[PDB]
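K.L.:
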Amino acid sequence: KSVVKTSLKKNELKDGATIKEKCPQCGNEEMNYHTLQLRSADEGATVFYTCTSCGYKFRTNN
Amino acid sequence: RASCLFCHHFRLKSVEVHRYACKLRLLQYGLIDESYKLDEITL
Amino acid sequence: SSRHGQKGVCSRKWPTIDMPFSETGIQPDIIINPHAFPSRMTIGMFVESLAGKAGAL
Amino acid sequence: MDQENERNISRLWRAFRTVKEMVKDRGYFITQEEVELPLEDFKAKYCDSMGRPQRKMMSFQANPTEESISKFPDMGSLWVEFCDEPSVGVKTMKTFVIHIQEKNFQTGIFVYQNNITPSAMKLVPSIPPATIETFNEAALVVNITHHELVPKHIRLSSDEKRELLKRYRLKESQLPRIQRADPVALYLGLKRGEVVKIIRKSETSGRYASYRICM
Amino acid sequence: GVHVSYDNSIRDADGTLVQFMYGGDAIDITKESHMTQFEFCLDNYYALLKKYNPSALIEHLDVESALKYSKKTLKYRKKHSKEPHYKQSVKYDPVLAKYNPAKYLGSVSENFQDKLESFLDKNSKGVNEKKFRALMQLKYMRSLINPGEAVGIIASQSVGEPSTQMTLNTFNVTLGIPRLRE
Amino acid sequence: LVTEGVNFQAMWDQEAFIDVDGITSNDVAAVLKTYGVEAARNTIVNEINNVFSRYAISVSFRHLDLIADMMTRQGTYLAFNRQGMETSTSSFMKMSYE
Amino acid sequence: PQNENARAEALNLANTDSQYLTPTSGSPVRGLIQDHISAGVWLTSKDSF
Amino acid sequence: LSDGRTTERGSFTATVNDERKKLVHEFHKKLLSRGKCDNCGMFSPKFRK
Amino acid sequence: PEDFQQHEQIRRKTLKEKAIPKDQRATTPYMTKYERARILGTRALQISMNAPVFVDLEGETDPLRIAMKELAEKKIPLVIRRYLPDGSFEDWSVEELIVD
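As given, the protein sequences belong to chains A, B, C, D, E, F, G, H and I, one line each in that order.
Quick note: to get PDB author numbering, add 63 to the position in the first sequence (first position is 1).
Quick note: to get PDB author numbering, add 98 to the position in the second sequence (first position is 1).
Quick note: to get PDB author numbering, add 917 to the position in the third sequence (first position is 1).
Oh and the fourth sequence: position 131 is 131 in PDB author numbering, straight run, nothing missing.
Here the fifth sequence stands for residues 1029 to 1153, 1160 to 1205, 1214 to 1224, where the numbers follow PDB author numbering.
Quick note: to get PDB author numbering, add 1518 to the position in the sixth sequence (first position is 1).
Quick note: to get PDB author numbering, add 637 to the position in the seventh sequence (first position is 1).
Quick note: to get PDB author numbering, add 196 to the position in the eighth sequence (first position is 1).
Quick note: to get PDB author numbering, add 54 to the position in the ninth sequence (first position is 1).
(1) Could you tell me which chain B residues have their CB closer than 8 Å to the CB of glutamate 204 of chain H, listed as they occur along the chain?
(2) Skipping 5 residues on each side, what residues in its chain have a beta carbon closer than 6 Å to that of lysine 166 of chain D?
(3) Once DSSP output is grouped into helix, strand and coil, what is the label at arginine 1580 of chain F?
(4) Are any of the Cβ atoms in chain H nearer than 8 Å to that of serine 173 of chain D?
(5) Residues of chain A with CB closer than 7 Å to the CB of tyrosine 1573 of chain F, please, in chain order.
(6) Along the stretch 1070-1099 of chain E, what residues have a CB closer than 7 Å to any CB found in chain I?
(7) Which of the residues in the stretch 643-664 of chain G, read from start to end, lie with their CB under 7 Å from any CB of chain I?
(8) Measure the C-alpha to C-alpha separation of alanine 1597 of chain F and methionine 1589 of chain F and round it to an integer number of angstroms.
(9) Which residues share a DSSP beta bridge with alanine 971 of chain C?
(10) With 8 Å as the limit, tell me which residues of the stretch 1587-1613 of chain F have their beta carbon closer than that to any beta carbon of chain H; keep them in chain order.
(11) Locate the beta strand (DSSP E) running through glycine 206 of chain D, then write down its first and last residues.
(12) Leaving aside the five residues before and after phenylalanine 143 of chain I along the sequence, list all residues of the same chain whose C-beta is less than 8 Å from its C-beta, in chain order.
(13) In this structure, does DSSP put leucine 78 of chain D in helix, strand or coil?
(14) 8 Å is my cut-off, CB to CB: does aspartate 672 of chain G come that close to chain C?
(15) Is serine 202 of chain D helix, strand or coil when you go by DSSP?
(16) By the DSSP assignment, the beta strand (DSSP E) with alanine 1189 of chain E in it spans what residues?
(17) Can the beta-carbon of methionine 1063 of chain E be found less than 8 Å from the beta-carbon of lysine 1173 of chain E?
(18) Cα separation between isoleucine 82 of chain A and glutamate 93 of chain A?
(19) Any beta-carbon of chain D closer than 8 Å to the one on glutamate 1565 of chain F?
(20) Cα separation between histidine 1031 of chain E and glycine 79 of chain A?
(21) In this structure, does DSSP put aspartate 154 of chain I in helix, strand or coil?
(22) Cβ closer than 8 Å: which chain E residues qualify as neighbours of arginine 55 of chain D?
(23) Step through the CB atoms of chain A and report whether any lies within less than 8 Å of the CB of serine 918 of chain C.
(24) Can you tell me which residues form a DSSP beta bridge with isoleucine 1536 of chain F?
(25) What in chain F is Cβ-close to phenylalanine 239 of chain H, meaning under 8 Å?
(26) Can a CB atom of chain E be found closer than 8 Å to the CB of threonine 81 of chain I?
(27) Whose Cβ in chain G lies nearer than 7 Å to the Cβ of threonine 96 of chain I?
(28) For a quick check, are the C-beta atoms of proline 660 of chain G and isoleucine 1188 of chain E less than 8 Å apart?
(29) Are the C-beta atoms of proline 75 of chain I and some chain E residue less than 8 Å apart?
(30) Going by C-alpha to C-alpha distance, which of F:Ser1609, F:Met1613, F:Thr1605, F:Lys1612 sits closest to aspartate 214 of chain H?
(31) If I follow the unbroken beta strand (DSSP E) through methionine 94 of chain A, where does it start and stop?
(32) Please list, in chain order, the chain D residues whose beta carbon lies closer than 8 Å to that of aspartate 140 of chain I.
(33) Would you call the CB atoms of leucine 1169 of chain E and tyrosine 1080 of chain E closer than 8 Å?
(34) Which residue comes first and which comes last in the alpha helix (DSSP H) that contains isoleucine 9 of chain D?
(35) Would you verify that the beta carbon of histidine 921 of chain C is, or is not, closer than 8 Å to some beta carbon of chain G?
(36) Does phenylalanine 1579 of chain F come within less than 8 Å of chain D when only Cβ atoms are used?
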């Protein structure tokens, strides 16, 4: 009953953060990122990935 | 608190008290099936 | 430490004879490993490094 | 019109289909299509002409297969009983306490509907040669041995429990203990001191036989 | 102090049993990494022959027992492959339930037996099989557990050391260590 | 489907739309009450592996089968705590925990 | 250690050579590190004569 | 004892220890609360710490 | 007196009821990394206490590596007693075991 998008529908989230990195578990070259920096500042970029076809999760360690 | 100064037994009956003790004689041996067979004798 | 956050221990006091000379015969002072940078991405150390050239005259 | 009278027979049918899977598993002689007894053929035999069922018609008796008696040397007759009272009375048990004790079975099963009177629970172990196993018929909708997370239990006899406690040089009380009140130990009817065998399909190396004992 | 005993039953230090073989098939994780690399062990057959040297070896352990009782349960399982788990033919247990893998050549859990066979049925080109059934059932024999191994401690460090990584946070169900504490 | 609540007894009564021989939860203390103890064991090795998979840390099942068969040795879901250690034999281990 | 029942157990049970695979996943834990990787691309290249 | 199910020095395992503490925690459940001594009517009044 | 002897004959009857005899041994024929790291341990601690040696030791002062020289050539007079957890055991030798 509201006049703006109160919640998503089952298709209304189509991400596009394509980097051309190799996937071992499903070969989907497309793979998004997520924007964080986890450890204390004696540690590299913890700015993650996430594989986009088989549901594999990836950690950007260093 | 389970004691009485006049009968100098426990407040539970001397067949209820003997029933639990005689199970604990069995359970200091490696047998549990024969421990629940002592409750088959109630007459 | 430099002024960009690159700490590091003085791992080994290295003799100046077995240490690479340069254009002139200049031998360096602090060898820092270029594998340290891509986890850090401190390009401010790279632009400080060539403007120290361009400040030294 | 048939509001409750549609569900209460459909739930009772799978409850009956549960019981003719709880008896065949223990080793008795139940036929194939009696396990697969169709609801259309169920109501035309075990329900009244007004469509309501009577459970007094539904009770029966089972006798063990003599191949299983070659393994369990004394397995008596099994009696399956039902109840047409939502409130089981202590004198309803006295009808059924005697009917086991007089007829000289070995194993008894009482199916009820909502509850048993706790006063009626006093009469349950009071036939010492026999056993009485109660079951809530609302709790026996679906067999809990068909579910994928439960492996295929197999009860063992004396000539392989002795081939176990001598194999691994154990005592009785050193195996993994399964409870008395476990809904699989209430299913197969495990006494105390009867090792059951679990073939659990492990997640790594497939089928993996483990053993477990009832205390 | 949960340790493997000398008959492969996982037993706590006061005798009270836990499992009957270690994890199903009594293999250390530190030895199995090439155990399903059947393509690899075909390639380096002759080198891996004289590492797992059967010449001075196959006369001190039973051979032709586990090679035969397995093929009952290889044939007898071909009947009831289309069955659900409650309808299963429960006559025949697996081969490890009768035969110690440290003693009987060819006694093999039911997941490794079905994967050598699938390798010996699909990829067979001049490739023999009796040369290769020997090694990759002897390598299963060599790569067992050591009777006495501290699998009580070692499992409890397979929950500990990765857990200094799972403090990651929100981009439902409880996640990470506050799930694992429950 | 996913249900944000645990009630096995009412879901059996929904058999025309749910296959009632595949239902899987995370409340281990509810599977133990209904589905025996052997399904309370296969849930634990799933629920532990549902934590190390989302962070992509493939711990081996041989470690988890040992843990789940230690908690389920007495037929009940014994935790690792003061109350779970209360059944033990070697009594310095009890004193040296806390 | 201070006795010869331990000098064999610091060689044949707990050296850094039997500790090649971790038991958590079977993965290897020991390998070059930063520049010993980046010398491989230069040594095993097709221009490196 | 004529069998090998026990010794002279007895058998004591984890599940037997489980079945022993359950009685004693229930034995100390029953005897703590009661109306009278029941050999007789001769009973004692309560206590308090 | 004999209250030592009645105390002794029970033990040697107990100790005879736990030795699984040699035709009925049922453990591995291998030296499972724990015999091997301890047989080499204890034997190296015998050569440090003047045990009789039975190999051409070739200037090898290291007391641990001397036992390895006798391990790979089978000159060790040891017997491994492997306790099965009820108390029974199988007295394996070092000859009849097979090294990795």
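A virtual CB, placed ideally from N, CA and C, is assigned to each residue, including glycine.
P.N.:
Straight from the coordinates:
(1) Counted from its first residue, the eighth sequence places residue 204 of chain H at position 8. For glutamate 204 of chain H, none of the residues of chain B pass the 8 Å Cβ criterion, the least Cβ distance being about 10 Å.
(2) Within the fourth sequence, numbered from 1, the residue matching residue 166 of chain D stands at position 166. Closer than 6 Å at Cβ, skipping near neighbours: no residue.
(3) Here residue 1580 of chain F refers to the residue found at position 62 of the sixth sequence. Three-state DSSP puts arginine 1580 of chain F in a helix.
(4) Here the question's residue 173 of chain D lines up with position 173 in the fourth sequence. At least one beta carbon of chain H lies nearer than 8 Å to the beta carbon of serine 173 of chain D.
(5) For the purposes of this step, residue 1573 of chain F is taken as the residue at position 55 of the sixth sequence. What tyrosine 1573 of chain F touches in chain A: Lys120.
(6) Listed by position along the chain: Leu1085, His1088, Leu1089.
(7) Answer set for the stretch 643-664 of chain G: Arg644, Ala645, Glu646, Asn649, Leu650.
(8) For the purposes of this step, residue 1597 of chain F is taken as the residue at position 79 of the sixth sequence. For the purposes of this step, residue 1589 of chain F is taken as the residue at position 71 of the sixth sequence. Their backbone Cα atoms lie some 6 Å apart in a straight line.
(9) For the purposes of this step, residue 971 of chain C is taken as residue 54 along the third sequence, with counting starting at 1. Per DSSP, none; premise fails for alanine 971 of chain C.
(10) Flagged, chain order: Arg1591, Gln1592, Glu1604, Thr1605, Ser1606, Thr1607.
(11) What you label residue 206 of chain D is simply residue 206 of the fourth sequence in a count that begins at 1. Element bounds for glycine 206 of chain D: 206-214.
(12) Position 89 of the ninth sequence, counted from the start, is the residue given in the question as residue 143 of chain I. So the list reads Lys72, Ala73, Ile74, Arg135, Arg136, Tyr137, once near-sequence residues are dropped.
(13) Looking up residue 78 of chain D in the fourth sequence gives position 78. Look at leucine 78 of chain D here: in three-state DSSP terms it is strand.
(14) Locating residue 672 of chain G in the seventh sequence gives position 35, where the first residue counts as 1. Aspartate 672 of chain G belongs to the set of residues whose beta carbon lies under 8 Å from a beta carbon in chain C.
(15) Start at 1 with the first residue of the fourth sequence, and residue 202 of chain D comes out as number 202. Here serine 202 of chain D sits in strand by DSSP.
(16) What you label residue 1189 of chain E is simply residue 155 of the fifth sequence in a count that begins at 1. Unbroken run through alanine 1189 of chain E is the alpha helix (DSSP H), 1185-1190; no beta strand (DSSP E).
(17) In the fifth sequence, residue 1063 of chain E corresponds to position 35, counting from 1. In the fifth sequence, residue 1173 of chain E corresponds to position 139, counting from 1. In contact: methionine 1063 of chain E and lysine 1173 of chain E (Cβ atoms closer than 8 Å).
(18) Counting from one through the first sequence, the residue named residue 82 of chain A turns up at place 19. Counting from one through the first sequence, the residue named residue 93 of chain A turns up at place 30. Spanning the alpha carbons of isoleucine 82 of chain A and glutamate 93 of chain A requires a straight line of approximately 6 Å.
(19) As a working note, residue 1565 of chain F is residue 47 in the sixth sequence. Cβ-Cβ to chain D under 8 Å: no for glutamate 1565 of chain F.
(20) The residue you call residue 1031 of chain E lines up with position 3 of the fifth sequence. The residue you call residue 79 of chain A lines up with position 16 of the first sequence. Computed Cα separation, rounded: 51 Å.
(21) What you label residue 154 of chain I is simply residue 100 of the ninth sequence in a count that begins at 1. Three-state result, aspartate 154 of chain I: coil.
(22) Within the fourth sequence, residue 55 of chain D is the residue found at index 55, counting from 1. Ordered by position in chain E, no residue passes the 8 Å Cβ test against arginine 55 of chain D, which lies about 27 Å from the chain.
(23) For the purposes of this step, residue 918 of chain C is taken as the residue at position 1 of the third sequence. It does not; no Cβ of chain A falls within 8 Å.
(24) Sequence index remark: in the sixth sequence, residue 1536 of chain F carries index 18 (1-based). Answer by DSSP bridge pairing: none, since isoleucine 1536 of chain F is not bridged.
(25) Numbered from its first residue, the eighth sequence carries residue 239 of chain H at position 43. Contact note: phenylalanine 239 of chain H does not reach chain F at a C-beta cutoff of 8 Å; the least C-beta distance is about 34 Å.
(26) On the ninth sequence, position 27 is the one that residue 81 of chain I refers to. Yes, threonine 81 of chain I lies at the interface with chain E (some Cβ there is under 8 Å from its Cβ).
(27) By one-based count along the ninth sequence, residue 96 of chain I stands at place 42. Around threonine 96 of chain I, the beta-carbon contacts reaching into chain G at under 7 Å are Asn642.
(28) As a working mapping, residue 660 of chain G is identified with position 23 in the seventh sequence. As a working mapping, residue 1188 of chain E is identified with position 154 in the fifth sequence. With contacts defined as CB atoms closer than 8 Å, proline 660 of chain G and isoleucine 1188 of chain E qualify as a contacting pair.
(29) Numbered from 1 along the ninth sequence, position 21 holds the residue referred to as residue 75 of chain I. So, not an interface residue.
(30) For the purposes of this step, residue 214 of chain H is taken as the residue at position 18 of the eighth sequence. Nearest to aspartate 214 of chain H by C-alpha distance, out of F:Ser1609, F:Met1613, F:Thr1605, F:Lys1612, is F:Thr1605.
(31) Residue mapping note: residue 94 of chain A aligns to position 31 of the first sequence, counting from 1. Here the beta strand (DSSP E) through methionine 94 of chain A covers 94-96.
(32) If you number the ninth sequence from 1, residue 140 of chain I lands on position 86. In chain order: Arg169, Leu170.
(33) Counting from one through the fifth sequence, the residue named residue 1169 of chain E turns up at place 135. Counting from one through the fifth sequence, the residue named residue 1080 of chain E turns up at place 52. At the C-beta level, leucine 1169 of chain E and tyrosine 1080 of chain E come within 8 Å of one another.
(34) Residue numbering aside, residue 9 of chain D sits at position 9 when the fourth sequence is read from its first letter. Counting along the chain, the alpha helix (DSSP H) containing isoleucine 9 of chain D begins and ends at 4-26.
(35) Within the third sequence, residue 921 of chain C is the residue found at index 4, counting from 1. For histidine 921 of chain C, the answer is no, since every Cβ of chain G falls outside 8 Å of its Cβ.
(36) Translated into positions along the sixth sequence, residue 1579 of chain F becomes position 61. Among the CB atoms of chain D, one or more fall inside 8 Å of the CB of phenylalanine 1579 of chain F.
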